[PDB]
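Worksheet: the structure to be examined is printed underneath.
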Amino acid sequence: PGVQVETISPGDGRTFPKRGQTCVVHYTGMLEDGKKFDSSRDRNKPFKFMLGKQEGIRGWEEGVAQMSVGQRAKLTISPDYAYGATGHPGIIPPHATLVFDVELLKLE
Ligand SMILES: CCO/N=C1/C[C@@H]([C@H](C)C[C@@H]2CC[C@@H](O)[C@H](OC)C2)OC(=O)[C@@H]2CCCCN2C(=O)C(=O)[C@]2(O)O[C@@H](CC[C@H]2C)C[C@H](OC)/C(C)=C/C=C/C=C/[C@@H](C)C[C@@H](C)C(=O)[C@H](OC)[C@H](O)/C(C)=C/[C@H]1C
């Protein structure tokens with residue numbers, strides 16, 4: 001409900017990120033039925049982060065944790081699992097549902 005994870009291409013079905021593990025991903029984020037606000041693909045540089053230890057929005061952490069290595073997935077994140085009633089001023093409006101197209105490339 002807070003985050004829906006829908007497969008674009010399956011992963012290995014077996015290797016999922018552990019809390020504290022470094023995840024290497026490509027992503028594109030857009031406002032649902034609106035504008036693209038960020039893409040690591042457009043920078044040709046994958047995004048690395050430590051799941052849990054480097055805190056992200058709830059739907060990102062819980063959505064990526066549900067993915068296995070190699071998986072590409074559409075994450076639809078409700079505002080309560082994203083930036084909420086305040087949004088992220090200047091970038092994400094109040095009460096925004098977010099879509100991320102995420103590909104889990106590697107776990108380090
Ligand atoms: C994963 C963890 O990494 N996330 C990050 C940002 C995250 C969100 C802003 C964080 C707050 C934390 C507090 C909670 O209260 C807030 O709740 C409302 C959420 O962003 C996201 O969660 C999502 C999902 C991942 C891709 C980016 N993202 C977006 O929405 C965007 O696409 C956006 O364009 O990203 C961009 C921002 C705007 C979004 C719409 C991302 C931004 O660019 C230039 C980048 C890459 C910034 C990097 C900062 C690094 C700083 C370090 C010193 C330390 C760092 C590792 C930490 O440890 C921090 O702690 C102490 C914290 O951990 C941070 C800042 C992690 C970064 C890597």
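Keep in mind that the numbers below use all heavy atoms, side chains included, and drop hydrogens, waters and symmetry copies. Nothing fancy with the numbering, it's 1 onward along the sequence. Both ligands and their constituent atoms are indexed starting at 1 by order of listing.
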Nearest heavy atoms of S40 and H26, plus distance in Å: OG-ND1, 2.7 Å

Ring center gap for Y27 and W60 short of 6.0 angstrom: yes

Is there at least one protein heavy-atom neighbour under 4.0 Å from [atom]?
atom                    : answer
atom 55 (C) of ligand 1 : no
atom 16 (C) of ligand 1 : no
atom 59 (C) of ligand 1 : no
atom 21 (C) of ligand 1 : yes
atom 67 (C) of ligand 1 : no
atom 44 (C) of ligand 1 : no
atom 1 (C) of ligand 1  : yes

Ligand 1 versus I57: contacting region, heavy-atom distance under 4.0 Å: both

Ion pair check, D101 and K36, cut-off under 4.0 Å: no

Test item, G56 contacting ligand 1 (heavy atom, 4.0 angstrom): yes

Within-4.5 Å side-chain heavy-atom neighbours: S68 and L104: no

Among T22, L51, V25, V69, side chain to side chain contact (heavy atoms under 4.5 Å, CB included) partner for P17: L51

